[PDB]
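Report on the following structure.
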Amino acid sequence: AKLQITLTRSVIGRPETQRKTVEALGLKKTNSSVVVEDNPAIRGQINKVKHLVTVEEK
Amino acid sequence: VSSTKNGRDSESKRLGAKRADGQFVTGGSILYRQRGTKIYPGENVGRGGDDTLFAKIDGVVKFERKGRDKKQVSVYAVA
Amino acid sequence: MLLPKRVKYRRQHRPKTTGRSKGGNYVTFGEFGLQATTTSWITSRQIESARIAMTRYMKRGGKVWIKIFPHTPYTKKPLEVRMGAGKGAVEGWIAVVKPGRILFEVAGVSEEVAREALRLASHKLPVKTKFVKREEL
Amino acid sequence: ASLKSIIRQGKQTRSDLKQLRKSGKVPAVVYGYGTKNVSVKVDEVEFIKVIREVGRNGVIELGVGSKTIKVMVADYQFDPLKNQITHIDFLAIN
RNA sequence: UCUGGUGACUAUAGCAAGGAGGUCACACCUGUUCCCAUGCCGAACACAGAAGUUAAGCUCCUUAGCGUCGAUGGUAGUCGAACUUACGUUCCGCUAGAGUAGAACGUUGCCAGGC
RNA sequence: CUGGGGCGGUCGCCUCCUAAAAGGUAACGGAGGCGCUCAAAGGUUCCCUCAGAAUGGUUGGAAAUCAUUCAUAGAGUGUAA
RNA sequence: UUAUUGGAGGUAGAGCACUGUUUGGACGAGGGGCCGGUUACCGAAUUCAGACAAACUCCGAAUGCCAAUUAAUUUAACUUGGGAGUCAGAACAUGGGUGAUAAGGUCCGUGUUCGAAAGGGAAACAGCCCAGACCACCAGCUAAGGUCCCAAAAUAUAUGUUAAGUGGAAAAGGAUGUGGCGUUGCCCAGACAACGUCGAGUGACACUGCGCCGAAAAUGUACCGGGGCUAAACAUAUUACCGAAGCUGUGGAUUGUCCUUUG
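Protein chains in written order, with PDB author numbering: chain X, 2 to 59; chain U, 15 to 93; chain K, 1 to 137; chain T, 2 to 95.
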């Protein structure tokens with residue numbers, strides 16, 4: 002259905018390829034959040050950067 | 015007093031593939047640079063004096079096997 | 001001692017030491033053997049030193065196999081000169097052993113004599129060892 | 002000679018295999034005549050017991066689920082350090 | 001359905017062995033007068049015919065002998081993460097090479113003749 | 001230029017490894033070549049297929065030359081790789 | 001940026017089919033012991049088994065790269081013109097050369113931080129770990145790291161290990177130090193030692209956790225930061241709190257984007 006994604010860890014100290022994914026997800030500052038529709042593409046983007054975010058079934 | 019007899023190299027030649035499989039090209043676009051024929055010319059593809067492979071028409075690129083252990087490139091028209 | 005008659009290149013890069021043993025992990029010629037448990041280079045002076053020690057305790061009774069040969073040359077510079085004006089001259093020949101590689105094999109003696117001779121030989125080597133027998137089952 | 006088995010369910014991850022081997026259990030597979038491939042597991046000490054009695058080339062009454070299958074041991078991987086069997090193949094013999 | 005010509009396909013098509021077939025094909029086969037030709041040889045090439053032969057080439061059936069193909073399961077290596085300075089450990093994805101079971105003594109298009 | 005400077009070596013071009021399976025990539029890192037040649041060793045049209053191994057055979061330096069079988073380039077390709 | 005799909009290429013790893021290196025054992029051909037030949041011995045070939053490679057390859061990943069889609073999220077990219085500064089870089093992690101598998105050494109590839117970055121932790125400590133300061137506040141929640149006193153928060157709940165102040169600086173080796181886990185011997189018909197009694201356990205091996213010795217430097221205790229600790233040490237699990245200029249709450253400043261009440 003829907004997901005809620007929250008940026009729990011900071012992005013400094015991380016490789017740039019992961020920063021680009023965090024920006025493409027739409028998250029900006031630490032603890033900021035978005036709501037998105039579940040897709041295989043969205044799940045791949047979450048999987049790449051999962052040590053930085055938390056997901057809730059919404 | 016010791017020295018070495020080795021010090022030299024030649025400039026690198028930028029060989030290898032220049033266009034992608036599935037990409038649309040124009041008339042005389044270079045597809046592959048090489049010494050000898052690691053890849054043969056297929057359909058609508060010529061071979062230059064330095065073994066360079068190039069397109070002869072506009073179309074899309076297709077790399078594909080030739081026999082048991084050989085390769086070729088072709089270009090197909092409509093796109 | 002042991003060294004190849006000829007090589008294509010006299011100055012080679014040094015081997016990789018991390019990892020586990022690639023092959024030669026079983027006794028195949030004799031009936032007892034010495035298995036390595038840590039990693040090191042063996043320098044072809046240590047091989048001769050350990051072979052002499054092991055072959056005289058057996059009073060020329062049995063047979064010995066050396067499952068190791070030094071194929072790689074290493075270099076070294078003259079006495080402490082400045083850095084970097086070419087690579088140095090050849091000084092020795094080494095073999096690289098990793099945990100699991102059988103080093104020697106004996107046959108034709110009692111298990112007791114074999115244990116003692118291999119123990120004597122293992123004190124001349126820069127690697128921790130372990131007495132093993134020909135596998136079964 | 003009679004060994005009993007348990008069927009491994011799908012997709013064991015490497016931690017599962019590691020915990021399995023940290024017990025006395027051994028991953029194995031059974032394939033061949035009159036059977037489809039089945040992934041099983043076997044206890045180590047019982048396997049050593051029955052093999053020390055039937056010999057390297059002998060028949061075993063392996064029990065798989067509800068069936069029992071005459072079988073012979075085709076191959077096995079072995080850790081020379083740690084001295085432990087780590088995988089076995091079983092071959093149905095018709 | 002058989003044979004032939006001519007194509008497509010990574011030898012699953014190959015090599016080896018055994019056994020059968022011919023006037024419908026094909027080949028061996030007859031000869032060198034002519035077209036033509038052989039560093040010499042009508043061996044090869046080319047031309048002229050149909051006496052013999054299935055012996056061979058070739059076609060059909062048998063075999064897995066060599067070559068080729070080849071899982072599942074496991075292992076090595078490794079992207080990412082977390083511990084750590086250990087010739088390292090733990091978690092999560094991907095996943096070989098070798099080897100084993102096994103497949104395999106080809107599949108198919110167009111045309112002509114024979115059926 | 002330079003693991004201070006001097007002394008020694010080097011300075012343009014080609015090929016390979018280092019080079020981390022696209023391309024690129026340093027050190028006074030590891031190995032070699034060039035400063036041409038060919039009137040056919042260029043074009044085209046027809047033919048043809050090796051080294052080597054094996055067994056024989058006057059001369060046989062073992063192998064020169066001849067005959068049969070196997071033989072994937074192991075031959076050959078003006079000149080380094 | 002990701003999902004899906006297609007493609008180029010020979011690294012890690014493996015392997016020995018080629019080019020080189022190598023250890024055993026056969027087989028035979030040859031020279032050859034002899035009296036031409038036995039046997040020895042010697043060299044070449046074919047074989048069987050087993051190994052090594054930056055400049056070997058019958059094989060061959062993970063990743064990275066090039067592309068295309070009416071795919072999903074996102075906000076850049078390119079062209080032309082005005083104005084620059086830079087061309088001494090450093091440590092850490094990882095793939096490599098050189099050096100001695102030396103250097104806070106030196107030269108390249110790939111990331112991060114410093115440079116040009118305050119705040120919390122690491123005693124102190126550009127480069128390590130957490131985090132990016134618009135300005136008020138005697139509000140709240142968390143990160144790394146922590147909770148006996150210095151000094152904010154557990155002298156907290158369960159299980160176990162250590163006796164060395166190990167914790168709080170090191171090796172080959174040596175050793176009845178003590179837990180855990182298995183396999184297999186001798187068991188009350190009498191071992192296991194002492195000299196018929198002795199009356200129940202007694203061994204080996206394998207595998208592991210934590211400890212001991214090996215362990216000597218120069219101003220003063222002198223690597224736990226100090227006190228001090230037998231847990232306030234170290235495995236496992238639980239769950240409560242403390243903790244930053246991070247996030248939130250309240251007020252304010254500046255600029256922008258939208259709508260537009262120009263708020």
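C-beta: ideal position from N, C-alpha, C; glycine also.
Bridge-paired residues (DSSP) for T:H88: To locate residue 88 of chain T, count along the fourth sequence from 1; it is residue 87. In the DSSP output, where bridge partners are listed per residue, T:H88 has T:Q78.
Cβ neighbour criterion (16 or more within 10 Å) applied to X:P41: As a working note, residue 41 of chain X is residue 40 in the first sequence. Per the 10 Å Cβ criterion, exposed.
Burial state of K:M54, where buried means 16 or more other Cβ atoms lie within 10 Å: Here the question's residue 54 of chain K lines up with position 54 in the third sequence. Answer is buried; the Cβ neighbour count reaches 16.
At least 3 beta-carbon pairs within less than 8 Å: the stretch 17-34 of chain T vs the stretch 59-68 of chain K: no
Helix, strand or coil at T:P28 [DSSP, three-state]: If you number the fourth sequence from 1, residue 28 of chain T lands on position 27. Strand.
Test: residue 102 of chain T CB closer than 7 Å to a CB of chain K: Nothing about residue 102 of chain T can be read from this structure; chain T reaches only from 2 to 95.
At least 3 beta-carbon pairs within less than 8 Å: the stretch 26-36 of chain K vs the stretch 79-86 of chain K: no
Selection of the stretch 92-115 of chain K by Cβ proximity to chain T, strictly under 8 Å: Answer set for the stretch 92-115 of chain K: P99, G100.
Contact check, X:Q5 vs X:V54, beta carbons under 7 Å: Along the first sequence, one-based indexing puts residue 5 of chain X at 4. Along the first sequence, one-based indexing puts residue 54 of chain X at 53. No, the pair does not count as a contact, with Cβ atoms beyond the cut-off.
Candidates X:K29, X:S33, X:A25, of which the one nearest X:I43 by Cα: As a first step, residue 43 of chain X must be located in the first sequence, where it is residue number 42. X:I43 has its Cα closest to that of X:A25, out of X:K29, X:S33, X:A25.
Unbroken stretches of the beta strand (DSSP E), 3 residues or longer, contained in the stretch 35-84 of chain K: 40-42, 63-66, 72-76
Residue-chain proximity (K:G62, chain U), Cβ-Cβ < 7 Å: Looking up residue 62 of chain K in the third sequence gives position 62. Output row for K:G62: interface = no.
C-beta neighbour in chain K for U:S26, strict 7 Å: Translated into the one-based positions of the second sequence, residue 26 of chain U becomes position 12. By this cut-off, U:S26 is not an interface position.
Selection of the stretch 41-62 of chain T by Cβ proximity to chain K, strictly under 8 Å: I49, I52, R53, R57
Distance between X:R10 and X:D39 (C-alpha atoms, nearest Å): Working through the first sequence from its first residue, we reach residue 39 of chain X at position 38. Working through the first sequence from its first residue, we reach residue 10 of chain X at position 9. X:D39 and X:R10: Cα-Cα distance of roughly 22 Å.
Proximal residues of chain K, C-beta to C-beta of U:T18 below 9 Å: By 1-based counting over the second sequence, the position of residue 18 of chain U is 4. Within chain K, the residues near U:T18 are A85, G86, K87.
Distance between K:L137 and T:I52 (C-alpha atoms, nearest Å): If you number the fourth sequence from 1, residue 52 of chain T lands on position 51. If you number the third sequence from 1, residue 137 of chain K lands on position 137. Taking the straight line from one Cα to the other gives about 7 Å.
Validate contact between the stretch 91-98 of chain K and the stretch 15-22 of chain K using beta carbons, cut 8 Å, 3 pairs: Short answer: they touch.
Cβ shell of K:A121 (< 8 Å), same chain only, five flanking positions each side left out: Taking the third sequence and counting its residues from 1, the one referred to as residue 121 of chain K is at position 121. Only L34, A50, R51, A53, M54, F104 meet the Cβ criterion.
Boundaries (first-last residue) of the alpha helix (DSSP H) holding K:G92: Locating residue 92 of chain K in the third sequence gives position 92, where the first residue counts as 1. Counting along the chain, K:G92 falls outside any alpha helix (DSSP H), though it belongs to the beta strand (DSSP E) covering 89-97.
Beta-carbon proximity of U:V59 to U:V87, cut-off 7 Å: Your numbering for residue 59 of chain U matches position 45 in the second sequence. Your numbering for residue 87 of chain U matches position 73 in the second sequence. Yes, these two residues count as a Cβ contact at 7 Å.
Buried or exposed (CB count within 10 angstroms, at least 16 for buried), X:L28: For this step, residue 28 of chain X is matched to residue 27 along the first sequence. Buried, since its Cβ has 16 or more Cβ neighbours within 10 Å.
DSSP three-state assignment for T:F48, whether helix, strand or coil: The residue given as residue 48 of chain T occupies position 47 in the fourth sequence. T:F48 falls in the helix class under three-state DSSP.
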